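The next block holds one structure in the form of structure tokens; read it before the comments.
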Amino acid sequence: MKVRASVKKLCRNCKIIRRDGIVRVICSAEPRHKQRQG
Amino acid sequence: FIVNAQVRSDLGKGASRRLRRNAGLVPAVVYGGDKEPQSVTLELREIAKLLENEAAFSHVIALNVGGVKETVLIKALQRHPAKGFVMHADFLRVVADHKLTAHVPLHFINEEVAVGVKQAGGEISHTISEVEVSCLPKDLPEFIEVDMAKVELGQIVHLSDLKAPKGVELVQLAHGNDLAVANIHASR
Amino acid sequence: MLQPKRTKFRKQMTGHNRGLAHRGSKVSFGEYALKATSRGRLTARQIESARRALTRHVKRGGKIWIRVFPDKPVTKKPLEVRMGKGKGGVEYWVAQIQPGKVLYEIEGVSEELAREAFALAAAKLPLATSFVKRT
Amino acid sequence: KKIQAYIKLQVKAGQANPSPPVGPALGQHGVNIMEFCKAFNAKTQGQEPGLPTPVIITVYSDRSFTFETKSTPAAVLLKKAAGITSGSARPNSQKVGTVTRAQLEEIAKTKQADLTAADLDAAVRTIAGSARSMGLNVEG
Amino acid sequence: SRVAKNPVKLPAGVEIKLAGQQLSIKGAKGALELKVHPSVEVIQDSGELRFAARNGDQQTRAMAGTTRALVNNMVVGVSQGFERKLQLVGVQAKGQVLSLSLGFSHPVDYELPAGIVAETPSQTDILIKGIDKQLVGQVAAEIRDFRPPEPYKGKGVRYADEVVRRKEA
RNA sequence: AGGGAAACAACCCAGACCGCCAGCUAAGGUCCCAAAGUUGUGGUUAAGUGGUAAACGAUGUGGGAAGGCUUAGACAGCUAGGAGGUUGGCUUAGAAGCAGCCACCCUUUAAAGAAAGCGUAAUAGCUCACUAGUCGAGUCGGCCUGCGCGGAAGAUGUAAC
RNA sequence: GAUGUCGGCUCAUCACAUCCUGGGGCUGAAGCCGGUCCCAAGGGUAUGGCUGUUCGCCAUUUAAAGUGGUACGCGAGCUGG
């Protein structure tokens with residue numbers, strides 16, 4: 001995870017999810033583009 | 001080009017602000033040298049779709065207040081300076097025997113085939129569009145052609161260097177103000 | 001930074017920043033522009049920082065007009081200084097910004113490159129800005 | 001229907017009979033078998049036979065084969081420049097090969113300026129920008 | 001299009017029990033699938049099964065779709081044996097408990113509940129068989145966190161696919 | 001002074017001559033502490049927002065304007081894909097569609113990018129517009145506006161209704 | 001018409017922006033090591049040479065020698081350099 005105040009889709013495989021009230025990003029390619037809240 | 005209009009029997013500041021924020025309307029006036037001025041309400045959504053057109057300001061606009069229809073040229077426009085939308089519209093009567101100055105855009109046709117661009121490295125700098133003209137309503141230029149094909153690097157096209165289409169008086173040329181229209185110059 | 005070459009006086013008052021920007025609100029030289037939508041204050045190194053962001057993100061050509069000009073001098077009392085011993089001396093310069101003031105203008109680029117260049121420009125400025133085209 | 005791009009084609013040219021350089025590729029598109037291999041009739045001797053270089057194709061169901069106004073094979077035929085065959089190890093990292101645009105008159109016999117650009121000085125820009133993206137560039 | 005208006009198309013060997021509020025699915029190769037179908041839901045009957053909502057909400061719009069999905073994999077698991085092929089290192093399957101020594105000093109023994117069953121078709125592999133995909137996937141995940149896949153050389157228990165991120169130092 | 005703002009010279013309402021177990025109001029209020037609507041009609045809001053807050057970031061949701069993609073069958077998901085010289089370029093274990101140094105139209109004729117980039121740190125596998133036979137259709141990208149969500153960490157004890 | 005300093009001693013008490021110990025994610029994390037960022041305040045968290053010292057510099061340890069609020073906690077508890 002990577003905690004910001006501004007999560008973005010860093011590449012094309014990134015996907016933004018509201019999970020449990022948190023704006024997370026899941027990446028199917030690289031787990032370094034996983035990022036927590038924003 | 002047609003807009004629908006109304007009668008507007010109530011004038012002032014707080015009246016105009018209520019038109020803009022409650023009724024969704026836009027004030028306006030219609031005037032010419034031959035009739036009394038008439039205040040008019042219009043719709044912001046219905047005039048903002050005219051302002052989307054490129055040939056909006058240099059064109060006959062039919063305007064229907066009641067069952068009475070007038071020919072109308074938009075000669076003024078007010079606009080909210082921050083957000084940007086029309087407040088009062090302020091347009092002009094059109095008669096067939098009248099001098100009728102309007103603003104006409106410049107249109108800058110073939111800029112890829114420019115001998116100061118292809119061979120010599122340079123870019124086109126339009127310093128001016130929206131030239132004001134002086135013309136009868138029979139000839140309304142929706143556009144004015146600006147040919148930028150036979151112009152070299154470092155060279156400047158002025159108001160004398162282009163065409164006046166069939167009895168159109170470019171206003172600044174009728175003074176000693178030969179303005180610079182476009183420009184070809186070296187890059188940075 | 002942008003400073004005047006010389007001014008008639010050295011210190012102004014504080015003053016106020018009221019009204020909308022009726023003058024300075026049109027894209028008068030370029031095709032695309034960065035208009036402010038909130039009032040504030042640009043401090044002549046904000047102005048140069050957004051300027052360098054623009055001139056570095058273009059990379060190819062264009063012509064950039066910087067429309068705002070800081071002519072208002074702003075003073076400062078230094079630290080460990082009791083108040084009221086004469087007005088403090090000038091430190092920097094400031095353009096007073098109203099809603100509607102066109103800040104920067106560009107021609108010669110595409111609309112997409114202009115938009116993502118004024119995004120870089122707006123990232124460095126303490127104002128709320130927007131993107132406008134030539135009317 | 002079927003809507004996607006960055007479609008990915010690679011097989012040995014001409015004959016689609018050797019499969020396991022790729023093997024079972026598809027399972028999404030849904031066309032038949034009888035519809036590639038009848039147009040080997042007129043013209044050889046022009047456009048580099050057999051070596052794996054793809055057409056990047058669009059499909060219709062008329063079955064009387066159609067060729068474009070196009071003789072530029074441009075994807076999978078240009079690793080070797082001196083005669084050695086394999087690929088680059090990791091991009092931008094392993095700087096050992098010094099490379100610019102020097103010797104081209106072997107191919108500048110038929111420059112074929114029609115399908116490259118508008119004139120001949122821009123055809124210098126195409127060979128000045130052709131293979132430049134895994135370990136070479138062009139100043140000269 | 002949306003999935004709740006896609007009917008279930010159950011085969012003949014799914015003898016259901018309509019009860020008014022909750023569905024009860026019986027059959028051969030597994031049975032006894034009960035599900036408390038929620039309040040905002042319609043369960044009607046035909047030659048095939050199909051679902052529709054009750055009221056204009058965005059909350060029940062997700063619920064009718066998940067109810068069709070739950071009964072889809074519920075019916076097709078009453079029909080067929082939901083599987084998973086987890087590939088690991090060393091599997092001494094013996095009975096209702098599973099025995100695996102994943103690189104520690106202890107071989108961690110894993111027991112299997114009612115429903116599920118695990119087999120030993122090969123040397124490095126586990127095939128699972130169960131009637132609901134919920135518990136099949138849950139016991140596959142419960143095997144998986146015994147040892148997650150190390151990227152570098154590659155050790156641990158995997159899935160059937162190969163999308164494991166491998167790195168080189 | 002009085003009433004309200006919990007408590008609170010200076011804020012709001014209102015200027016106390018005295019008595020009354022009379023009435024009507026102002027500010028502020030009407031579930032219980034505590035006097036008065038658990039009042040009515042139409043909405044919004046799921047955070048306990050209300051009941052602390054900025055740049056900026058979000059398929060949170062309501063509303064209102066607009067575009068084209070819209071059954072000759074769209075936006076993601078299953079039943080072919082795959083060339084007619086040549087070693088198309090200062091390099092010689094290895095320099096195709098991601099190096100300091102860039103990119104636009106001549107085939108046998110119904111077919112299409114000398115590339116905006118993840119692969120086997122690379123070769124032999126493979127994700128983006130499809131001139132279509134094939135499952136049968138209503139969805140995709142931005143603007144203005146209402147209310148919300150993160151950004152938001154402190155010291156004696158909930159402890160900013 | 002007096003709220004008596006800095007430091008040390010003695011005794012503390014809270015926060016968490018965590019020093020150790022505990023649980024994780026990413027990695028330019030092969031492993032011993034790490035870097036950074038989350039979660040966590042339960043318990044722990046040096047002795048000295050110098051100087052009045054707080055601090056600091058050294059010496060030697062430790063798993064670690066945390067950062068801060070408390071009238072820069074604490075003199076009707078001590079000292080008084």
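The chains in the structure tokens are called A, B, ... from first to last as shown; in each chain the residues are counted from 1, and the ligands are counted from 1 in the order shown.
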Give me, as a PyMOL selection string, the residues of chain E touching chain F, with the criterion being at most 10 Å (counting only C-alpha atoms (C1' of nucleotides)).
chain E and resi 1+167-169
At a cut-off of 9 Å, using only C-alpha atoms (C1' of nucleotides), what residues contact residue D:70? Leave out same-chain residues fewer than 3 positions from it and give the result as a ChimeraX atom specification.
/D:67,73,115 /F:105-107
Using C-alpha atoms (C1' of nucleotides), can you export the residues from the last selection as a PDB file, in the first residue's frame?
```
ATOM      1  CA  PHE D  67      -4.674  -6.491 -51.216  1.00  0.00           C
ATOM      2  CA  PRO D  73       6.587  -4.634 -44.244  1.00  0.00           C
ATOM      3  CA  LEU D 115       4.463   5.156 -49.670  1.00  0.00           C
TER       4      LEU D 115
ATOM      5  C1'   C F 105       0.371   6.270 -47.366  1.00  0.00           C
ATOM      6  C1'   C F 106       2.828   2.592 -55.090  1.00  0.00           C
ATOM      7  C1'   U F 107      -0.077  -5.497 -53.581  1.00  0.00           C
TER       8        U F 107
END
```
Determine, for each residue of chain G having at least one atom at most 12 Å from an atom of chain A, the closest pair of atoms and their separation in Å to one decimal, counting only C-alpha atoms (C1' of nucleotides); order by chain and ascending number, as a tab-separated table.
```
residue	atom	partner	partner_atom	distance
G:24	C1'	A:1	CA	10.0
G:25	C1'	A:1	CA	5.0
G:26	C1'	A:32	CA	5.6
G:27	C1'	A:32	CA	8.1
G:36	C1'	A:2	CA	10.0
G:37	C1'	A:2	CA	6.6
G:38	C1'	A:1	CA	7.6
```
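If you look at atom CA of residue B:122 and atom CA of residue C:110, they are 16.5 Å away from each other.
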Per residue of stretch 37-132 of chain C within 12 Å of stretch 50-59 of chain F, record the nearest atom pair and its distance in Å to one decimal, counting only C-alpha atoms (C1' of nucleotides), with rows in chain order and ascending residue number, as a Markdown table.
```
| residue | atom | partner | partner_atom | distance |
| --- | --- | --- | --- | --- |
| C:122 | CA | F:55 | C1' | 11.2 |
| C:123 | CA | F:55 | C1' | 9.3 |
| C:124 | CA | F:55 | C1' | 10.4 |
| C:125 | CA | F:55 | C1' | 9.9 |
| C:126 | CA | F:55 | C1' | 8.0 |
| C:127 | CA | F:55 | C1' | 9.5 |
| C:128 | CA | F:55 | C1' | 9.6 |
```
Write out the residues from the selection above, keeping C-alpha atoms, as a compact mmCIF listing (two decimals), in the first residue's frame.
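Now in selection07.txt:
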```
# COMPACT_ATOMS: atom_id res chain seq x y z
CA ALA C 122 -2.44 26.02 -12.10
CA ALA C 123 -0.67 23.49 -9.87
CA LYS C 124 1.80 26.20 -8.79
CA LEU C 125 -0.66 29.01 -8.09
CA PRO C 126 -2.66 29.72 -4.91
CA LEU C 127 -5.74 30.76 -6.91
CA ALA C 128 -8.73 28.86 -8.18
```
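In the backbone-derived DSSP annotation, alpha helix (DSSP H) within chain B comprises residues 13, 14, 15, 16, 17, 18, 44, 45, 46 and 47 of chain B.
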Limited to N, CA and C atoms, could you put the picked residues into a file as an mmCIF file, in the first residue's frame?
```cif
data_model
loop_
_atom_site.group_PDB
_atom_site.id
_atom_site.type_symbol
_atom_site.label_atom_id
_atom_site.label_comp_id
_atom_site.auth_asym_id
_atom_site.auth_seq_id
_atom_site.Cartn_x
_atom_site.Cartn_y
_atom_site.Cartn_z
ATOM 1 N N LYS B 13 -31.858 46.863 -11.562
ATOM 2 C CA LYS B 13 -30.801 45.974 -11.092
ATOM 3 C C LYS B 13 -31.352 44.696 -10.485
ATOM 4 N N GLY B 14 -32.130 44.829 -9.410
ATOM 5 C CA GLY B 14 -32.664 43.663 -8.734
ATOM 6 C C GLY B 14 -33.637 42.884 -9.587
ATOM 7 N N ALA B 15 -34.330 43.571 -10.495
ATOM 8 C CA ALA B 15 -35.134 42.905 -11.509
ATOM 9 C C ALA B 15 -34.284 42.009 -12.399
ATOM 10 N N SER B 16 -33.161 42.534 -12.886
ATOM 11 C CA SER B 16 -32.298 41.783 -13.790
ATOM 12 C C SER B 16 -31.650 40.611 -13.082
ATOM 13 N N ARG B 17 -31.274 40.814 -11.822
ATOM 14 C CA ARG B 17 -30.702 39.729 -11.044
ATOM 15 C C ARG B 17 -31.735 38.654 -10.742
ATOM 16 N N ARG B 18 -33.005 39.032 -10.571
ATOM 17 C CA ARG B 18 -34.051 38.028 -10.403
ATOM 18 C C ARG B 18 -34.332 37.266 -11.687
ATOM 19 N N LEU B 44 -31.144 31.993 -21.399
ATOM 20 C CA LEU B 44 -29.701 31.785 -21.407
ATOM 21 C C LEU B 44 -29.330 30.531 -22.179
ATOM 22 N N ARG B 45 -30.131 29.483 -22.031
ATOM 23 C CA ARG B 45 -29.896 28.226 -22.721
ATOM 24 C C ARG B 45 -30.172 28.344 -24.212
ATOM 25 N N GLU B 46 -31.021 29.283 -24.604
ATOM 26 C CA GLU B 46 -31.430 29.412 -25.991
ATOM 27 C C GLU B 46 -30.569 30.408 -26.760
ATOM 28 N N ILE B 47 -29.878 31.317 -26.066
ATOM 29 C CA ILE B 47 -28.900 32.190 -26.710
ATOM 30 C C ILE B 47 -27.491 31.615 -26.607
#
```
Residues within 6 Å of stretch 21-24 of chain E, please, as a ChimeraX atom specification. Count only C-alpha atoms (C1' of nucleotides); anything in the same chain fewer than 6 positions from it doesn't count.
/E:33-37
How would the residues just picked look written out with N, CA and C atoms as a short mmCIF file (atom, residue, chain, number, x, y, z; two decimals), in the first residue's frame?
```
data_model
loop_
_atom_site.label_atom_id
_atom_site.label_comp_id
_atom_site.auth_asym_id
_atom_site.auth_seq_id
_atom_site.Cartn_x
_atom_site.Cartn_y
_atom_site.Cartn_z
N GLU E 33 -29.11 -27.30 -0.66
CA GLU E 33 -28.73 -25.90 -0.76
C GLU E 33 -29.91 -25.03 -0.38
N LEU E 34 -29.82 -24.38 0.77
CA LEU E 34 -30.84 -23.46 1.22
C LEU E 34 -30.27 -22.05 1.18
N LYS E 35 -31.11 -21.10 0.80
CA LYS E 35 -30.70 -19.70 0.81
C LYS E 35 -31.89 -18.85 1.22
N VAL E 36 -31.70 -18.04 2.26
CA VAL E 36 -32.72 -17.09 2.68
C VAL E 36 -32.71 -15.98 1.64
N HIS E 37 -33.63 -16.06 0.69
CA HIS E 37 -33.72 -15.03 -0.33
C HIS E 37 -34.26 -13.75 0.31
#
```
Between G:5, G:19, G:29, G:13, which one has atoms that come closest to chain E, using only C-alpha atoms (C1' of nucleotides)?
G:29
Identify every residue of chain F that has at least one atom within 12 Å of any atom of chain A, counting only C-alpha atoms (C1' of nucleotides), and report the result as a PDB file with N, CA and C atoms (P, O5', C5', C4', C3', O3' and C1' of nucleotides), in the first residue's frame.
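Saved file part04.pdb follows:
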```pdb
ATOM      1  P     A F  46     -25.782  10.180   0.992  1.00  0.00           P
ATOM      2  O5'   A F  46     -25.644   9.269   2.278  1.00  0.00           O
ATOM      3  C5'   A F  46     -24.507   9.399   3.113  1.00  0.00           C
ATOM      4  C4'   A F  46     -24.495   8.403   4.237  1.00  0.00           C
ATOM      5  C3'   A F  46     -24.554   6.931   3.830  1.00  0.00           C
ATOM      6  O3'   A F  46     -23.725   6.199   4.723  1.00  0.00           O
ATOM      7  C1'   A F  46     -26.148   7.344   5.447  1.00  0.00           C
ATOM      8  P     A F  47     -22.176   5.993   4.415  1.00  0.00           P
ATOM      9  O5'   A F  47     -21.472   7.303   4.989  1.00  0.00           O
ATOM     10  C5'   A F  47     -21.132   7.390   6.359  1.00  0.00           C
ATOM     11  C4'   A F  47     -20.592   8.739   6.731  1.00  0.00           C
ATOM     12  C3'   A F  47     -20.507   8.982   8.220  1.00  0.00           C
ATOM     13  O3'   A F  47     -19.399   8.422   8.871  1.00  0.00           O
ATOM     14  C1'   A F  47     -21.678  10.744   7.277  1.00  0.00           C
ATOM     15  P     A F  55     -10.188  23.728  -1.273  1.00  0.00           P
ATOM     16  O5'   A F  55      -8.782  23.531  -1.992  1.00  0.00           O
ATOM     17  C5'   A F  55      -8.042  24.640  -2.484  1.00  0.00           C
ATOM     18  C4'   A F  55      -6.599  24.273  -2.719  1.00  0.00           C
ATOM     19  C3'   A F  55      -6.340  23.119  -3.675  1.00  0.00           C
ATOM     20  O3'   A F  55      -6.339  23.507  -5.034  1.00  0.00           O
ATOM     21  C1'   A F  55      -5.072  22.810  -1.710  1.00  0.00           C
ATOM     22  P     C F  56      -7.558  23.149  -6.017  1.00  0.00           P
ATOM     23  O5'   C F  56      -7.397  21.600  -6.356  1.00  0.00           O
ATOM     24  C5'   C F  56      -6.180  21.058  -6.835  1.00  0.00           C
ATOM     25  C4'   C F  56      -5.793  19.797  -6.102  1.00  0.00           C
ATOM     26  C3'   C F  56      -6.566  18.541  -6.430  1.00  0.00           C
ATOM     27  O3'   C F  56      -6.184  17.954  -7.655  1.00  0.00           O
ATOM     28  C1'   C F  56      -6.282  18.694  -4.104  1.00  0.00           C
ATOM     29  P     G F  57      -7.269  17.191  -8.551  1.00  0.00           P
ATOM     30  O5'   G F  57      -7.502  15.825  -7.781  1.00  0.00           O
ATOM     31  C5'   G F  57      -6.452  14.884  -7.657  1.00  0.00           C
ATOM     32  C4'   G F  57      -6.868  13.704  -6.825  1.00  0.00           C
ATOM     33  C3'   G F  57      -8.102  12.962  -7.287  1.00  0.00           C
ATOM     34  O3'   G F  57      -7.814  12.051  -8.322  1.00  0.00           O
ATOM     35  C1'   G F  57      -8.226  13.333  -4.962  1.00  0.00           C
ATOM     36  P     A F  58      -8.996  11.573  -9.276  1.00  0.00           P
ATOM     37  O5'   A F  58      -9.645  10.363  -8.493  1.00  0.00           O
ATOM     38  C5'   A F  58     -10.957   9.979  -8.818  1.00  0.00           C
ATOM     39  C4'   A F  58     -11.614   9.195  -7.726  1.00  0.00           C
ATOM     40  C3'   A F  58     -13.107   8.982  -7.925  1.00  0.00           C
ATOM     41  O3'   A F  58     -13.392   7.811  -8.679  1.00  0.00           O
ATOM     42  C1'   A F  58     -12.706   9.883  -5.774  1.00  0.00           C
ATOM     43  P     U F  59     -13.432   7.843 -10.285  1.00  0.00           P
ATOM     44  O5'   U F  59     -14.106   6.463 -10.687  1.00  0.00           O
ATOM     45  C5'   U F  59     -14.977   5.794  -9.788  1.00  0.00           C
ATOM     46  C4'   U F  59     -16.393   6.278  -9.932  1.00  0.00           C
ATOM     47  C3'   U F  59     -17.360   5.728  -8.894  1.00  0.00           C
ATOM     48  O3'   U F  59     -18.376   6.695  -8.648  1.00  0.00           O
ATOM     49  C1'   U F  59     -18.050   5.049 -11.048  1.00  0.00           C
ATOM     50  P     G F  60     -18.095   7.969  -7.713  1.00  0.00           P
ATOM     51  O5'   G F  60     -19.106   7.772  -6.514  1.00  0.00           O
ATOM     52  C5'   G F  60     -19.086   6.602  -5.722  1.00  0.00           C
ATOM     53  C4'   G F  60     -20.171   6.684  -4.696  1.00  0.00           C
ATOM     54  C3'   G F  60     -21.527   7.076  -5.254  1.00  0.00           C
ATOM     55  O3'   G F  60     -22.244   5.940  -5.705  1.00  0.00           O
ATOM     56  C1'   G F  60     -20.983   8.485  -3.442  1.00  0.00           C
ATOM     57  P     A F 116       3.808   6.276 -31.356  1.00  0.00           P
ATOM     58  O5'   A F 116       3.365   6.296 -29.824  1.00  0.00           O
ATOM     59  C5'   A F 116       3.441   7.498 -29.064  1.00  0.00           C
ATOM     60  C4'   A F 116       2.625   7.419 -27.798  1.00  0.00           C
ATOM     61  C3'   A F 116       2.960   6.259 -26.871  1.00  0.00           C
ATOM     62  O3'   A F 116       4.059   6.520 -26.014  1.00  0.00           O
ATOM     63  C1'   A F 116       0.647   6.268 -27.262  1.00  0.00           C
ATOM     64  P     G F 117       4.967   5.311 -25.460  1.00  0.00           P
ATOM     65  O5'   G F 117       4.138   4.721 -24.235  1.00  0.00           O
ATOM     66  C5'   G F 117       4.706   3.742 -23.374  1.00  0.00           C
ATOM     67  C4'   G F 117       3.904   2.463 -23.373  1.00  0.00           C
ATOM     68  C3'   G F 117       4.565   1.269 -22.703  1.00  0.00           C
ATOM     69  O3'   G F 117       4.407   1.263 -21.294  1.00  0.00           O
ATOM     70  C1'   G F 117       3.766   0.619 -24.823  1.00  0.00           C
ATOM     71  P     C F 118       5.577   0.683 -20.356  1.00  0.00           P
ATOM     72  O5'   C F 118       4.969  -0.662 -19.755  1.00  0.00           O
ATOM     73  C5'   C F 118       5.335  -1.929 -20.287  1.00  0.00           C
ATOM     74  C4'   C F 118       4.763  -3.067 -19.476  1.00  0.00           C
ATOM     75  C3'   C F 118       5.555  -4.367 -19.502  1.00  0.00           C
ATOM     76  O3'   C F 118       6.699  -4.376 -18.668  1.00  0.00           O
ATOM     77  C1'   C F 118       3.271  -4.846 -19.861  1.00  0.00           C
ATOM     78  P     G F 119       8.053  -5.077 -19.188  1.00  0.00           P
ATOM     79  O5'   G F 119       7.668  -6.620 -19.310  1.00  0.00           O
ATOM     80  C5'   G F 119       7.735  -7.302 -20.554  1.00  0.00           C
ATOM     81  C4'   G F 119       6.653  -8.347 -20.662  1.00  0.00           C
ATOM     82  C3'   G F 119       7.008  -9.762 -20.230  1.00  0.00           C
ATOM     83  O3'   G F 119       7.056  -9.942 -18.821  1.00  0.00           O
ATOM     84  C1'   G F 119       5.790  -9.833 -22.251  1.00  0.00           C
ATOM     85  P     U F 127      -4.210 -11.849 -26.135  1.00  0.00           P
ATOM     86  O5'   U F 127      -4.185 -10.467 -25.338  1.00  0.00           O
ATOM     87  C5'   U F 127      -5.218  -9.505 -25.511  1.00  0.00           C
ATOM     88  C4'   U F 127      -5.263  -8.510 -24.376  1.00  0.00           C
ATOM     89  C3'   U F 127      -5.615  -7.078 -24.757  1.00  0.00           C
ATOM     90  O3'   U F 127      -7.013  -6.870 -24.889  1.00  0.00           O
ATOM     91  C1'   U F 127      -3.741  -7.082 -23.294  1.00  0.00           C
ATOM     92  P     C F 128      -7.621  -6.092 -26.163  1.00  0.00           P
ATOM     93  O5'   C F 128      -7.689  -4.564 -25.708  1.00  0.00           O
ATOM     94  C5'   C F 128      -8.379  -3.593 -26.486  1.00  0.00           C
ATOM     95  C4'   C F 128      -7.612  -2.293 -26.579  1.00  0.00           C
ATOM     96  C3'   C F 128      -7.949  -1.395 -27.768  1.00  0.00           C
ATOM     97  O3'   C F 128      -9.087  -0.577 -27.508  1.00  0.00           O
ATOM     98  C1'   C F 128      -5.577  -1.511 -27.400  1.00  0.00           C
ATOM     99  P     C F 149     -19.482  13.802   5.026  1.00  0.00           P
ATOM    100  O5'   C F 149     -18.800  12.893   3.928  1.00  0.00           O
ATOM    101  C5'   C F 149     -19.042  11.500   3.912  1.00  0.00           C
ATOM    102  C4'   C F 149     -17.929  10.778   3.220  1.00  0.00           C
ATOM    103  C3'   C F 149     -16.544  11.172   3.666  1.00  0.00           C
ATOM    104  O3'   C F 149     -16.174  10.630   4.912  1.00  0.00           O
ATOM    105  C1'   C F 149     -16.601  11.095   1.324  1.00  0.00           C
ATOM    106  P     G F 150     -14.858  11.168   5.639  1.00  0.00           P
ATOM    107  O5'   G F 150     -13.752  10.153   5.139  1.00  0.00           O
ATOM    108  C5'   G F 150     -12.409  10.277   5.544  1.00  0.00           C
ATOM    109  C4'   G F 150     -11.476  10.004   4.402  1.00  0.00           C
ATOM    110  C3'   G F 150     -10.198  10.811   4.431  1.00  0.00           C
ATOM    111  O3'   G F 150      -9.198  10.195   5.213  1.00  0.00           O
ATOM    112  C1'   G F 150     -11.196  11.002   2.308  1.00  0.00           C
ATOM    113  P     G F 151      -8.538  11.014   6.407  1.00  0.00           P
ATOM    114  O5'   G F 151      -7.735  12.166   5.670  1.00  0.00           O
ATOM    115  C5'   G F 151      -6.670  11.854   4.789  1.00  0.00           C
ATOM    116  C4'   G F 151      -6.195  13.082   4.070  1.00  0.00           C
ATOM    117  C3'   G F 151      -5.918  14.282   4.956  1.00  0.00           C
ATOM    118  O3'   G F 151      -4.621  14.225   5.517  1.00  0.00           O
ATOM    119  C1'   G F 151      -7.222  14.941   3.100  1.00  0.00           C
ATOM    120  P     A F 152      -4.260  14.934   6.910  1.00  0.00           P
ATOM    121  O5'   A F 152      -5.070  14.110   8.002  1.00  0.00           O
ATOM    122  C5'   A F 152      -4.927  14.408   9.388  1.00  0.00           C
ATOM    123  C4'   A F 152      -6.233  14.360  10.148  1.00  0.00           C
ATOM    124  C3'   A F 152      -7.171  13.212   9.819  1.00  0.00           C
ATOM    125  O3'   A F 152      -7.835  12.810  11.016  1.00  0.00           O
ATOM    126  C1'   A F 152      -8.283  15.266   9.466  1.00  0.00           C
TER     127        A F 152
END
```
Enumerate the residues of chain E with a DSSP assignment of strand (DSSP E or B), computed from the backbone, and present them as a count of residues only.
44
So, with only C-alpha atoms (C1' of nucleotides) as the atoms that count, which of G:40, G:58, G:30, G:15 lies closest to chain E?
G:30
With a distance threshold of 12 Å and counting only C-alpha atoms, extract the residues of chain B near chain D and express them as a PyMOL selection string.
chain B and resi 113+118-119
Can I get the selection written as a PDB file, in the first residue's frame, with C-alpha atoms?
```pdb
ATOM      1  CA  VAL B 113       1.416  24.685 -47.188  1.00  0.00           C
ATOM      2  CA  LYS B 118       7.707  23.669 -44.736  1.00  0.00           C
ATOM      3  CA  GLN B 119      11.123  24.710 -46.036  1.00  0.00           C
TER       4      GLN B 119
END
```
Select all residues from chain B having any atom no more than 7 Å from an atom of chain C (counting only C-alpha atoms, ignoring ligands), output as a ChimeraX atom specification.
/B:81-83,127,187-188
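Across the model, the gap from atom CA of residue D:102 to atom CA of residue D:75 is 21.4 Å.
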